[PDB]
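Next comes upload_0.csv, a file with CSV, N, CA and C atoms.
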chain,number,residue,atom,x,y,z
A,1,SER,N,22.7,-68.9,-143.7
A,1,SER,CA,22.7,-69.6,-145.0
A,1,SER,C,23.9,-69.3,-145.8
A,2,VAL,N,25.0,-69.9,-145.3
A,2,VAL,CA,26.3,-69.5,-145.8
A,2,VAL,C,27.3,-70.7,-145.6
A,3,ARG,N,28.4,-70.8,-146.1
A,3,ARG,CA,29.3,-71.9,-146.0
A,3,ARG,C,30.1,-71.7,-144.7
A,4,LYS,N,30.3,-72.9,-144.0
A,4,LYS,CA,31.1,-72.9,-142.8
A,4,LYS,C,32.2,-73.9,-143.0
A,5,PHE,N,33.2,-73.8,-142.1
A,5,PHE,CA,34.5,-74.5,-142.3
A,5,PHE,C,34.9,-75.2,-141.0
A,6,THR,N,35.8,-76.1,-141.2
A,6,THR,CA,36.4,-76.8,-140.0
A,6,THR,C,37.9,-76.5,-139.9
A,7,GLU,N,38.4,-76.8,-138.8
A,7,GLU,CA,39.9,-76.5,-138.6
A,7,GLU,C,40.7,-77.4,-139.4
A,8,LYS,N,40.3,-78.5,-139.8
A,8,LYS,CA,41.0,-79.4,-140.8
A,8,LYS,C,40.7,-79.1,-142.2
A,9,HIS,N,40.1,-77.9,-142.5
A,9,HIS,CA,40.1,-77.3,-143.9
A,9,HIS,C,39.0,-78.0,-144.7
A,10,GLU,N,37.9,-78.5,-144.1
A,10,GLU,CA,36.7,-79.0,-144.7
A,10,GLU,C,35.7,-77.8,-144.7
A,11,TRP,N,34.7,-78.0,-145.6
A,11,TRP,CA,33.6,-77.0,-145.6
A,11,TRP,C,32.2,-77.8,-145.6
A,12,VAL,N,31.2,-77.1,-145.1
A,12,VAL,CA,29.8,-77.7,-145.3
A,12,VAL,C,28.9,-76.5,-145.6
A,13,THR,N,28.0,-76.8,-146.5
A,13,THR,CA,26.8,-75.9,-146.8
A,13,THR,C,25.6,-76.7,-146.4
A,14,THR,N,24.5,-76.0,-145.9
A,14,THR,CA,23.3,-76.6,-145.5
A,14,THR,C,22.1,-76.0,-146.1
A,15,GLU,N,21.1,-76.9,-146.3
A,15,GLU,CA,19.8,-76.5,-146.8
A,15,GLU,C,18.8,-77.6,-146.4
A,16,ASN,N,17.7,-77.2,-145.8
A,16,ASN,CA,16.6,-78.3,-145.7
A,16,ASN,C,17.1,-79.4,-144.8
A,17,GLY,N,18.0,-79.2,-143.8
A,17,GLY,CA,18.5,-80.3,-142.9
A,17,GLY,C,19.4,-81.3,-143.6
A,18,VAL,N,20.0,-80.9,-144.8
A,18,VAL,CA,21.0,-81.6,-145.5
A,18,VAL,C,22.3,-80.8,-145.6
A,19,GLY,N,23.4,-81.4,-145.3
A,19,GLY,CA,24.7,-80.8,-145.5
A,19,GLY,C,25.4,-81.4,-146.7
A,20,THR,N,26.1,-80.6,-147.4
A,20,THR,CA,27.0,-80.9,-148.5
A,20,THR,C,28.4,-80.6,-148.0
A,21,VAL,N,29.3,-81.6,-148.1
A,21,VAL,CA,30.6,-81.5,-147.5
A,21,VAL,C,31.7,-81.6,-148.6
A,22,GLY,N,32.8,-80.8,-148.5
A,22,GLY,CA,33.9,-80.9,-149.3
A,22,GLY,C,35.1,-80.4,-148.6
A,23,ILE,N,36.2,-80.2,-149.4
A,23,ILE,CA,37.5,-79.6,-148.8
A,23,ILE,C,37.6,-78.2,-149.4
A,24,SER,N,38.4,-77.3,-148.6
A,24,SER,CA,38.6,-76.0,-149.0
A,24,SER,C,39.7,-75.8,-150.1
A,25,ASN,N,39.8,-74.6,-150.6
A,25,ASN,CA,40.9,-74.4,-151.6
A,25,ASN,C,42.2,-74.6,-150.9
A,26,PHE,N,42.4,-74.2,-149.7
A,26,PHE,CA,43.6,-74.4,-149.0
A,26,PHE,C,44.0,-75.9,-148.9
A,27,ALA,N,43.0,-76.7,-148.6
A,27,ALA,CA,43.2,-78.1,-148.5
A,27,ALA,C,43.5,-78.7,-149.9
A,28,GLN,N,42.9,-78.3,-151.0
A,28,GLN,CA,43.2,-79.0,-152.2
A,28,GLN,C,44.6,-78.6,-152.7
A,29,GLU,N,45.0,-77.3,-152.4
A,29,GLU,CA,46.3,-76.9,-152.7
A,29,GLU,C,47.3,-77.8,-152.0
A,30,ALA,N,47.1,-78.0,-150.7
A,30,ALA,CA,48.0,-78.8,-149.9
A,30,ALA,C,48.2,-80.2,-150.4
A,31,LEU,N,47.1,-80.8,-150.9
A,31,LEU,CA,47.2,-82.2,-151.5
A,31,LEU,C,47.9,-82.2,-152.8
A,32,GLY,N,47.7,-81.2,-153.7
A,32,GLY,CA,48.0,-81.3,-155.1
A,32,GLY,C,47.0,-82.3,-155.7
A,33,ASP,N,47.3,-82.7,-157.0
A,33,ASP,CA,46.3,-83.4,-157.8
A,33,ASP,C,45.8,-84.6,-157.1
A,34,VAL,N,44.5,-84.7,-156.9
A,34,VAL,CA,43.8,-85.8,-156.3
A,34,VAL,C,43.7,-87.0,-157.3
A,35,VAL,N,44.2,-88.1,-156.9
A,35,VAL,CA,44.2,-89.3,-157.7
A,35,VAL,C,43.1,-90.3,-157.3
A,36,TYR,N,42.5,-90.2,-156.1
A,36,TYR,CA,41.5,-91.2,-155.7
A,36,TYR,C,40.8,-90.6,-154.5
A,37,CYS,N,39.5,-90.9,-154.5
A,37,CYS,CA,38.6,-90.4,-153.4
A,37,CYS,C,37.9,-91.7,-152.8
A,38,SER,N,38.2,-91.9,-151.6
A,38,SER,CA,37.6,-93.0,-150.8
A,38,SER,C,36.4,-92.5,-150.0
A,39,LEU,N,35.2,-92.9,-150.4
A,39,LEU,CA,33.9,-92.2,-150.0
A,39,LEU,C,33.1,-93.3,-149.3
A,40,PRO,N,32.2,-92.9,-148.4
A,40,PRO,CA,31.4,-93.9,-147.6
A,40,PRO,C,30.2,-94.4,-148.4
A,41,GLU,N,29.6,-95.4,-148.0
A,41,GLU,CA,28.3,-95.9,-148.5
A,41,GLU,C,27.2,-95.0,-148.2
A,42,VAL,N,26.2,-94.8,-149.1
A,42,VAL,CA,25.0,-94.2,-148.7
A,42,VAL,C,24.3,-95.0,-147.6
A,43,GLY,N,23.8,-94.3,-146.6
A,43,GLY,CA,23.2,-94.8,-145.5
A,43,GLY,C,24.1,-95.0,-144.3
A,44,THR,N,25.4,-94.6,-144.4
A,44,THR,CA,26.3,-94.7,-143.3
A,44,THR,C,26.0,-93.6,-142.3
A,45,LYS,N,25.9,-94.1,-141.0
A,45,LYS,CA,25.7,-93.2,-139.9
A,45,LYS,C,27.1,-92.6,-139.5
A,46,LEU,N,27.1,-91.2,-139.3
A,46,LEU,CA,28.3,-90.6,-138.8
A,46,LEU,C,28.0,-89.8,-137.6
A,47,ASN,N,29.0,-89.8,-136.6
A,47,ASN,CA,29.1,-88.8,-135.6
A,47,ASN,C,29.9,-87.6,-136.0
A,48,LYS,N,29.7,-86.4,-135.5
A,48,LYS,CA,30.6,-85.3,-135.8
A,48,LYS,C,32.0,-85.8,-135.3
A,49,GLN,N,33.0,-85.5,-136.1
A,49,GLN,CA,34.4,-85.8,-136.0
A,49,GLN,C,34.8,-87.2,-136.5
A,50,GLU,N,33.8,-88.0,-136.8
A,50,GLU,CA,34.1,-89.4,-137.2
A,50,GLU,C,34.7,-89.5,-138.6
A,51,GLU,N,35.7,-90.3,-138.8
A,51,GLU,CA,36.2,-90.6,-140.1
A,51,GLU,C,35.1,-91.0,-141.1
A,52,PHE,N,35.1,-90.5,-142.3
A,52,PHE,CA,34.2,-90.9,-143.3
A,52,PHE,C,34.9,-91.3,-144.6
A,53,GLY,N,36.2,-91.1,-144.8
A,53,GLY,CA,36.8,-91.4,-146.0
A,53,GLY,C,38.2,-90.8,-146.1
A,54,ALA,N,38.8,-90.7,-147.3
A,54,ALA,CA,40.1,-90.2,-147.4
A,54,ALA,C,40.3,-89.8,-148.9
A,55,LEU,N,41.1,-88.8,-149.1
A,55,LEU,CA,41.6,-88.4,-150.4
A,55,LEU,C,43.1,-88.8,-150.5
A,56,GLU,N,43.4,-89.2,-151.8
A,56,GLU,CA,44.8,-89.5,-152.1
A,56,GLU,C,45.4,-88.6,-153.1
A,57,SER,N,46.7,-88.2,-153.0
A,57,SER,CA,47.4,-87.6,-154.0
A,57,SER,C,48.8,-88.2,-154.1
A,58,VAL,N,49.7,-87.8,-155.0
A,58,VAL,CA,51.0,-88.3,-155.0
A,58,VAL,C,51.7,-87.9,-153.6
A,59,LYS,N,51.4,-86.7,-153.1
A,59,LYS,CA,52.0,-86.2,-151.9
A,59,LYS,C,51.6,-86.9,-150.6
A,60,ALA,N,50.3,-87.2,-150.5
A,60,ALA,CA,49.8,-87.6,-149.2
A,60,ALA,C,48.4,-88.2,-149.3
A,61,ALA,N,48.0,-88.9,-148.2
A,61,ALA,CA,46.6,-89.1,-147.9
A,61,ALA,C,46.1,-88.0,-147.0
A,62,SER,N,44.8,-87.6,-147.2
A,62,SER,CA,44.2,-86.7,-146.2
A,62,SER,C,42.9,-87.4,-145.7
A,63,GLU,N,42.8,-87.7,-144.4
A,63,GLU,CA,41.7,-88.3,-143.9
A,63,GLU,C,40.5,-87.3,-143.7
A,64,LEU,N,39.3,-87.7,-144.0
A,64,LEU,CA,38.1,-86.9,-144.0
A,64,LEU,C,37.4,-87.2,-142.7
A,65,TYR,N,37.0,-86.1,-142.0
A,65,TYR,CA,36.3,-86.3,-140.7
A,65,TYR,C,34.9,-85.5,-140.8
A,66,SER,N,33.9,-86.1,-140.3
A,66,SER,CA,32.6,-85.5,-140.5
A,66,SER,C,32.4,-84.2,-139.8
A,67,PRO,N,31.9,-83.2,-140.5
A,67,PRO,CA,31.7,-82.0,-139.7
A,67,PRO,C,30.4,-82.0,-138.9
A,68,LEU,N,29.6,-83.0,-139.1
A,68,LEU,CA,28.3,-83.1,-138.5
A,68,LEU,C,27.9,-84.5,-138.1
A,69,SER,N,27.0,-84.7,-137.1
A,69,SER,CA,26.4,-86.0,-136.9
A,69,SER,C,25.2,-86.2,-137.8
A,70,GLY,N,25.0,-87.4,-138.4
A,70,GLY,CA,23.9,-87.6,-139.2
A,70,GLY,C,24.0,-88.9,-140.1
A,71,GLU,N,23.5,-88.8,-141.3
A,71,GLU,CA,23.4,-90.0,-142.1
A,71,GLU,C,23.8,-89.6,-143.6
A,72,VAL,N,24.7,-90.4,-144.2
A,72,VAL,CA,25.1,-90.1,-145.6
A,72,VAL,C,23.9,-90.4,-146.5
A,73,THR,N,23.6,-89.4,-147.4
A,73,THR,CA,22.5,-89.6,-148.4
A,73,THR,C,23.0,-89.7,-149.8
A,74,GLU,N,24.2,-89.2,-150.1
A,74,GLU,CA,24.7,-89.2,-151.5
A,74,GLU,C,26.2,-89.1,-151.4
A,75,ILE,N,26.9,-89.7,-152.4
A,75,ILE,CA,28.3,-89.5,-152.7
A,75,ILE,C,28.5,-89.0,-154.1
A,76,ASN,N,29.6,-88.3,-154.3
A,76,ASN,CA,29.8,-87.8,-155.7
A,76,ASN,C,30.4,-88.9,-156.6
A,77,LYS,N,29.5,-89.5,-157.4
A,77,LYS,CA,29.9,-90.6,-158.3
A,77,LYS,C,30.9,-90.1,-159.4
A,78,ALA,N,30.9,-88.8,-159.7
A,78,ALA,CA,31.8,-88.3,-160.7
A,78,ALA,C,33.3,-88.5,-160.3
A,79,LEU,N,33.6,-88.6,-159.0
A,79,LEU,CA,34.9,-88.6,-158.5
A,79,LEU,C,35.7,-89.9,-158.8
A,80,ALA,N,34.9,-91.0,-159.2
A,80,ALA,CA,35.6,-92.3,-159.5
A,80,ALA,C,36.5,-92.1,-160.7
A,81,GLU,N,35.9,-91.5,-161.8
A,81,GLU,CA,36.6,-91.3,-163.0
A,81,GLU,C,37.3,-90.0,-163.1
A,82,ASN,N,36.9,-89.0,-162.3
A,82,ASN,CA,37.4,-87.6,-162.4
A,82,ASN,C,37.7,-87.1,-161.0
A,83,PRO,N,38.6,-87.8,-160.3
A,83,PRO,CA,39.0,-87.3,-158.9
A,83,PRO,C,39.5,-85.9,-158.8
A,84,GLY,N,40.1,-85.5,-159.9
A,84,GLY,CA,40.7,-84.1,-160.0
A,84,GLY,C,39.6,-83.0,-159.9
A,85,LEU,N,38.3,-83.3,-160.0
A,85,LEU,CA,37.3,-82.3,-159.8
A,85,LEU,C,37.5,-81.7,-158.4
A,86,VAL,N,38.1,-82.4,-157.4
A,86,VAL,CA,38.3,-81.9,-156.1
A,86,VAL,C,39.2,-80.6,-156.2
A,87,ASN,N,40.3,-80.7,-157.0
A,87,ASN,CA,41.1,-79.6,-157.2
A,87,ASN,C,40.5,-78.5,-158.1
A,88,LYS,N,39.8,-78.9,-159.2
A,88,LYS,CA,39.4,-77.9,-160.1
A,88,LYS,C,38.2,-77.2,-159.7
A,89,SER,N,37.3,-77.7,-158.8
A,89,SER,CA,36.1,-77.2,-158.4
A,89,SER,C,35.7,-77.6,-156.9
A,90,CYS,N,36.6,-77.2,-156.0
A,90,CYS,CA,36.5,-77.8,-154.6
A,90,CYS,C,35.2,-77.4,-153.9
A,91,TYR,N,34.6,-76.2,-154.3
A,91,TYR,CA,33.4,-75.8,-153.6
A,91,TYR,C,32.1,-76.1,-154.4
A,92,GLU,N,32.2,-76.7,-155.6
A,92,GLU,CA,31.1,-76.9,-156.5
A,92,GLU,C,31.1,-78.4,-157.0
A,93,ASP,N,31.7,-78.6,-158.2
A,93,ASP,CA,31.6,-79.9,-158.8
A,93,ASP,C,32.4,-81.0,-158.1
A,94,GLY,N,33.3,-80.6,-157.2
A,94,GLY,CA,34.2,-81.5,-156.5
A,94,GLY,C,33.7,-81.7,-155.0
A,95,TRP,N,32.4,-81.5,-154.7
A,95,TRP,CA,31.8,-81.9,-153.5
A,95,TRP,C,32.0,-83.4,-153.3
A,96,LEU,N,32.0,-83.8,-152.0
A,96,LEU,CA,32.4,-85.2,-151.6
A,96,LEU,C,31.1,-86.0,-151.3
A,97,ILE,N,30.4,-85.5,-150.2
A,97,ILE,CA,29.2,-86.3,-149.7
A,97,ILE,C,28.1,-85.3,-149.4
A,98,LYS,N,26.9,-85.8,-149.3
A,98,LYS,CA,25.8,-85.1,-148.7
A,98,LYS,C,25.2,-86.0,-147.6
A,99,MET,N,24.7,-85.4,-146.6
A,99,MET,CA,24.2,-86.1,-145.4
A,99,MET,C,23.0,-85.3,-144.8
A,100,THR,N,22.0,-86.0,-144.2
A,100,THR,CA,21.2,-85.4,-143.3
A,100,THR,C,22.0,-85.1,-142.0
A,101,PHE,N,21.6,-84.0,-141.3
A,101,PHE,CA,22.3,-83.7,-140.0
A,101,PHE,C,21.3,-83.7,-138.9
A,102,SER,N,21.6,-84.4,-137.8
A,102,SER,CA,20.7,-84.6,-136.7
A,102,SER,C,20.7,-83.7,-135.6
A,103,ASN,N,21.8,-82.8,-135.5
A,103,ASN,CA,22.0,-81.9,-134.3
A,103,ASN,C,22.4,-80.6,-134.9
A,104,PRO,N,21.4,-79.7,-135.2
A,104,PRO,CA,21.7,-78.4,-135.8
A,104,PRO,C,22.6,-77.5,-134.9
A,105,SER,N,22.6,-77.7,-133.6
A,105,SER,CA,23.5,-76.9,-132.7
A,105,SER,C,25.0,-77.1,-133.1
A,106,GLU,N,25.3,-78.2,-133.7
A,106,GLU,CA,26.7,-78.5,-134.2
A,106,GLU,C,27.2,-77.4,-135.1
A,107,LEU,N,26.4,-76.9,-136.0
A,107,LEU,CA,27.0,-75.9,-136.9
A,107,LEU,C,27.5,-74.7,-136.2
A,108,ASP,N,26.9,-74.3,-135.0
A,108,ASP,CA,27.4,-73.2,-134.2
A,108,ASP,C,28.8,-73.4,-133.8
A,109,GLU,N,29.5,-74.6,-133.8
A,109,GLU,CA,30.8,-74.9,-133.4
A,109,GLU,C,31.8,-74.6,-134.5
A,110,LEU,N,31.4,-74.5,-135.7
A,110,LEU,CA,32.2,-74.4,-136.9
A,110,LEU,C,32.6,-73.0,-137.2
A,111,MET,N,33.5,-72.9,-138.1
A,111,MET,CA,34.0,-71.6,-138.4
A,111,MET,C,33.2,-70.9,-139.5
A,112,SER,N,32.9,-69.6,-139.3
A,112,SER,CA,32.3,-68.8,-140.3
A,112,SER,C,33.4,-68.6,-141.4
A,113,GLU,N,32.9,-68.1,-142.6
A,113,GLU,CA,34.0,-67.8,-143.6
A,113,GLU,C,34.8,-66.7,-143.1
A,114,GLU,N,34.4,-65.7,-142.4
A,114,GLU,CA,35.3,-64.7,-141.8
A,114,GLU,C,36.3,-65.3,-140.9
A,115,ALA,N,36.0,-66.2,-140.0
A,115,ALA,CA,36.9,-66.8,-139.1
A,115,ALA,C,37.9,-67.6,-139.9
A,116,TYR,N,37.4,-68.3,-140.9
A,116,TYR,CA,38.3,-69.2,-141.7
A,116,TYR,C,39.3,-68.3,-142.5
A,117,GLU,N,38.8,-67.2,-143.0
A,117,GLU,CA,39.7,-66.2,-143.7
A,117,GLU,C,40.9,-65.8,-142.7
A,118,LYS,N,40.5,-65.5,-141.4
A,118,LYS,CA,41.5,-65.0,-140.5
A,118,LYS,C,42.4,-66.2,-140.2
A,119,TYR,N,41.9,-67.4,-140.1
A,119,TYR,CA,42.6,-68.6,-139.8
A,119,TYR,C,43.7,-68.8,-140.8
A,120,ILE,N,43.4,-68.9,-142.1
A,120,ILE,CA,44.4,-69.2,-143.1
A,120,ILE,C,45.3,-68.0,-143.3
A,121,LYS,N,44.8,-66.7,-143.1
A,121,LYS,CA,45.7,-65.6,-143.2
A,121,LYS,C,46.8,-65.7,-142.1
A,122,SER,N,46.4,-66.1,-140.9
A,122,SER,CA,47.4,-66.3,-139.8
A,122,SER,C,48.3,-67.4,-140.1
A,123,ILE,N,47.8,-68.6,-140.6
A,123,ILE,CA,48.6,-69.7,-140.9
A,123,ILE,C,49.7,-69.3,-142.0
A,124,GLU,N,49.3,-68.6,-143.0
A,124,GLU,CA,50.1,-68.3,-144.2
A,124,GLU,C,51.1,-67.2,-143.9
A,125,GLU,N,50.9,-66.3,-142.9
A,125,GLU,CA,51.8,-65.2,-142.7
A,125,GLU,C,53.2,-65.6,-142.3

Could you show the structure in this file as structure tokens?
Amino acid sequence: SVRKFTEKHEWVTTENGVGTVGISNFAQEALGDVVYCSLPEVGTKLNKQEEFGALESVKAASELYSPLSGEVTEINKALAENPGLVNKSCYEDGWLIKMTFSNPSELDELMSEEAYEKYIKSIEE
């Protein structure tokens, strides 16, 4: 019952068969100020690894890939008017989507926060 990460610098938290997905601090730094969030429709089916949207900044687009197989249940409506929540609160108020997840074994494939710490330390050295 802890946050896990992807090698593309996304995160997911889980409770009750529902995952909440966002981007890590490393990811939001790499983008700079987010100007637009392209998010999926509620009810969209996703496979793990499937594209679900994109973030835009002056610097780049960043394509979003699902960390889990399942079905979108919520998108963060605050990001239409306040996309910069992704930078100011990437783990909390700047969450992107929530989804039910159909294959719990998939979490075992993701990175623990300890592994993600080691990952970004090695990248940044």

What's the 6.5 Å shell around residue 67 in chain A, counting all atoms listed in the file, without same-chain residues fewer than 2 positions away, as a CSV table (one decimal) with N, CA and C atoms, keeping the file's coordinate frame?
chain,number,residue,atom,x,y,z
A,47,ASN,N,29.0,-89.8,-136.6
A,47,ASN,CA,29.1,-88.8,-135.6
A,47,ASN,C,29.9,-87.6,-136.0
A,48,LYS,N,29.7,-86.4,-135.5
A,48,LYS,CA,30.6,-85.3,-135.8
A,48,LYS,C,32.0,-85.8,-135.3
A,49,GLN,N,33.0,-85.5,-136.1
A,49,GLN,CA,34.4,-85.8,-136.0
A,49,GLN,C,34.8,-87.2,-136.5
A,50,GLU,N,33.8,-88.0,-136.8
A,50,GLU,CA,34.1,-89.4,-137.2
A,50,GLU,C,34.7,-89.5,-138.6
A,65,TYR,N,37.0,-86.1,-142.0
A,65,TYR,CA,36.3,-86.3,-140.7
A,65,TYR,C,34.9,-85.5,-140.8
A,69,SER,N,27.0,-84.7,-137.1
A,69,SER,CA,26.4,-86.0,-136.9
A,69,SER,C,25.2,-86.2,-137.8

What does the distance from CA of residue 90 in chain A to CA of residue 105 in chain A come to in Å, to one decimal? 25.5 Å

List every residue of chain A that DSSP, applied to the backbone of this structure, assigns to strand (DSSP E or B), and report them as number ranges by chain. A: 4-5, 10-15, 18-23, 34-38, 45-46, 51-57, 61-65, 70-75, 97-101, 111

Output N, CA and C atoms for every residue in the selection just made, as a compact mmCIF listing (two decimals), keeping the file's coordinate frame.
# COMPACT_ATOMS: atom_id res chain seq x y z
N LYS A 4 30.30 -72.90 -144.00
CA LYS A 4 31.10 -72.90 -142.80
C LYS A 4 32.20 -73.90 -143.00
N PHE A 5 33.20 -73.80 -142.10
CA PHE A 5 34.50 -74.50 -142.30
C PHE A 5 34.90 -75.20 -141.00
N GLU A 10 37.90 -78.50 -144.10
CA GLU A 10 36.70 -79.00 -144.70
C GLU A 10 35.70 -77.80 -144.70
N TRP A 11 34.70 -78.00 -145.60
CA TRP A 11 33.60 -77.00 -145.60
C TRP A 11 32.20 -77.80 -145.60
N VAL A 12 31.20 -77.10 -145.10
CA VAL A 12 29.80 -77.70 -145.30
C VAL A 12 28.90 -76.50 -145.60
N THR A 13 28.00 -76.80 -146.50
CA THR A 13 26.80 -75.90 -146.80
C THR A 13 25.60 -76.70 -146.40
N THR A 14 24.50 -76.00 -145.90
CA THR A 14 23.30 -76.60 -145.50
C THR A 14 22.10 -76.00 -146.10
N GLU A 15 21.10 -76.90 -146.30
CA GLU A 15 19.80 -76.50 -146.80
C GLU A 15 18.80 -77.60 -146.40
N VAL A 18 20.00 -80.90 -144.80
CA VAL A 18 21.00 -81.60 -145.50
C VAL A 18 22.30 -80.80 -145.60
N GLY A 19 23.40 -81.40 -145.30
CA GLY A 19 24.70 -80.80 -145.50
C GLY A 19 25.40 -81.40 -146.70
N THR A 20 26.10 -80.60 -147.40
CA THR A 20 27.00 -80.90 -148.50
C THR A 20 28.40 -80.60 -148.00
N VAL A 21 29.30 -81.60 -148.10
CA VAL A 21 30.60 -81.50 -147.50
C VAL A 21 31.70 -81.60 -148.60
N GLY A 22 32.80 -80.80 -148.50
CA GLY A 22 33.90 -80.90 -149.30
C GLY A 22 35.10 -80.40 -148.60
N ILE A 23 36.20 -80.20 -149.40
CA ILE A 23 37.50 -79.60 -148.80
C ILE A 23 37.60 -78.20 -149.40
N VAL A 34 44.50 -84.70 -156.90
CA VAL A 34 43.80 -85.80 -156.30
C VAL A 34 43.70 -87.00 -157.30
N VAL A 35 44.20 -88.10 -156.90
CA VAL A 35 44.20 -89.30 -157.70
C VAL A 35 43.10 -90.30 -157.30
N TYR A 36 42.50 -90.20 -156.10
CA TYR A 36 41.50 -91.20 -155.70
C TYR A 36 40.80 -90.60 -154.50
N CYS A 37 39.50 -90.90 -154.50
CA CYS A 37 38.60 -90.40 -153.40
C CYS A 37 37.90 -91.70 -152.80
N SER A 38 38.20 -91.90 -151.60
CA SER A 38 37.60 -93.00 -150.80
C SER A 38 36.40 -92.50 -150.00
N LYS A 45 25.90 -94.10 -141.00
CA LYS A 45 25.70 -93.20 -139.90
C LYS A 45 27.10 -92.60 -139.50
N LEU A 46 27.10 -91.20 -139.30
CA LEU A 46 28.30 -90.60 -138.80
C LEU A 46 28.00 -89.80 -137.60
N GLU A 51 35.70 -90.30 -138.80
CA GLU A 51 36.20 -90.60 -140.10
C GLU A 51 35.10 -91.00 -141.10
N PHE A 52 35.10 -90.50 -142.30
CA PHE A 52 34.20 -90.90 -143.30
C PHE A 52 34.90 -91.30 -144.60
N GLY A 53 36.20 -91.10 -144.80
CA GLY A 53 36.80 -91.40 -146.00
C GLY A 53 38.20 -90.80 -146.10
N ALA A 54 38.80 -90.70 -147.30
CA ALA A 54 40.10 -90.20 -147.40
C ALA A 54 40.30 -89.80 -148.90
N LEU A 55 41.10 -88.80 -149.10
CA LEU A 55 41.60 -88.40 -150.40
C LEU A 55 43.10 -88.80 -150.50
N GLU A 56 43.40 -89.20 -151.80
CA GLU A 56 44.80 -89.50 -152.10
C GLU A 56 45.40 -88.60 -153.10
N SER A 57 46.70 -88.20 -153.00
CA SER A 57 47.40 -87.60 -154.00
C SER A 57 48.80 -88.20 -154.10
N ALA A 61 48.00 -88.90 -148.20
CA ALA A 61 46.60 -89.10 -147.90
C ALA A 61 46.10 -88.00 -147.00
N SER A 62 44.80 -87.60 -147.20
CA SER A 62 44.20 -86.70 -146.20
C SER A 62 42.90 -87.40 -145.70
N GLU A 63 42.80 -87.70 -144.40
CA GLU A 63 41.70 -88.30 -143.90
C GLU A 63 40.50 -87.30 -143.70
N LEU A 64 39.30 -87.70 -144.00
CA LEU A 64 38.10 -86.90 -144.00
C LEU A 64 37.40 -87.20 -142.70
N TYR A 65 37.00 -86.10 -142.00
CA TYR A 65 36.30 -86.30 -140.70
C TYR A 65 34.90 -85.50 -140.80
N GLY A 70 25.00 -87.40 -138.40
CA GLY A 70 23.90 -87.60 -139.20
C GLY A 70 24.00 -88.90 -140.10
N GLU A 71 23.50 -88.80 -141.30
CA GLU A 71 23.40 -90.00 -142.10
C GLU A 71 23.80 -89.60 -143.60
N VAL A 72 24.70 -90.40 -144.20
CA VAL A 72 25.10 -90.10 -145.60
C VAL A 72 23.90 -90.40 -146.50
N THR A 73 23.60 -89.40 -147.40
CA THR A 73 22.50 -89.60 -148.40
C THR A 73 23.00 -89.70 -149.80
N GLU A 74 24.20 -89.20 -150.10
CA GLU A 74 24.70 -89.20 -151.50
C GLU A 74 26.20 -89.10 -151.40
N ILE A 75 26.90 -89.70 -152.40
CA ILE A 75 28.30 -89.50 -152.70
C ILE A 75 28.50 -89.00 -154.10
N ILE A 97 30.40 -85.50 -150.20
CA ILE A 97 29.20 -86.30 -149.70
C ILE A 97 28.10 -85.30 -149.40
N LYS A 98 26.90 -85.80 -149.30
CA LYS A 98 25.80 -85.10 -148.70
C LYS A 98 25.20 -86.00 -147.60
N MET A 99 24.70 -85.40 -146.60
CA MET A 99 24.20 -86.10 -145.40
C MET A 99 23.00 -85.30 -144.80
N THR A 100 22.00 -86.00 -144.20
CA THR A 100 21.20 -85.40 -143.30
C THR A 100 22.00 -85.10 -142.00
N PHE A 101 21.60 -84.00 -141.30
CA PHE A 101 22.30 -83.70 -140.00
C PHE A 101 21.30 -83.70 -138.90
N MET A 111 33.50 -72.90 -138.10
CA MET A 111 34.00 -71.60 -138.40
C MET A 111 33.20 -70.90 -139.50

What is the CA of residue 29 in chain A to atom N of residue 109 in chain A distance in Å?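 Atom N of residue 109 in chain A lies at a distance of 25.4 Å from CA of residue 29 in chain A.
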
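Counting only C-alpha atoms, the residue from A:87, A:38, A:16, A:112 that sits nearest to residue 75 in chain A is A:38.
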
Just to confirm, what's the straight-line distance from CA of residue 104 in chain A to CA of residue 89 in chain A in Å (one decimal)?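 So the two atoms, CA of residue 104 in chain A and CA of residue 89 in chain A, lie 26.8 Å apart.
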
Please, which residues of chain A, numbered as in this document, come out helix (DSSP H, G or I) from DSSP, as a PyMOL selection string? chain A and resi 25-31+77-79+85-88+104-109+113-124

Skipping near chain neighbours, those fewer than 2 positions away, what residues fall within 12 Å of residue 32 in chain A using only C-alpha atoms, listed as an NGL selection string? :A and (25-30 or 34-36 or 55-62 or 83-88)

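With distances taken over only C-alpha atoms, A:99 is the one residue among A:78, A:54, A:99, A:72 lying closest to residue 18 in chain A.
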
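Each of A:64, A:17, A:23, A:76 was compared to residue 101 in chain A using only N, CA and C atoms, and A:17 turns out to be the nearest.
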
Residue contacts of residue 20 in chain A (5 Å, only N, CA and C atoms) excluding same-chain residues fewer than 4 positions away, as a ChimeraX atom specification: /A:12-13,97-98

I need the residues from that last selection saved to file as a PDB file, in the frame of the given file (with N, CA and C atoms), if you can.
ATOM      1  N   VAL A  12      31.200 -77.100-145.100  1.00  0.00           N
ATOM      2  CA  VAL A  12      29.800 -77.700-145.300  1.00  0.00           C
ATOM      3  C   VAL A  12      28.900 -76.500-145.600  1.00  0.00           C
ATOM      4  N   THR A  13      28.000 -76.800-146.500  1.00  0.00           N
ATOM      5  CA  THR A  13      26.800 -75.900-146.800  1.00  0.00           C
ATOM      6  C   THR A  13      25.600 -76.700-146.400  1.00  0.00           C
ATOM      7  N   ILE A  97      30.400 -85.500-150.200  1.00  0.00           N
ATOM      8  CA  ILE A  97      29.200 -86.300-149.700  1.00  0.00           C
ATOM      9  C   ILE A  97      28.100 -85.300-149.400  1.00  0.00           C
ATOM     10  N   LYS A  98      26.900 -85.800-149.300  1.00  0.00           N
ATOM     11  CA  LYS A  98      25.800 -85.100-148.700  1.00  0.00           C
ATOM     12  C   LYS A  98      25.200 -86.000-147.600  1.00  0.00           C
TER      13      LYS A  98
END
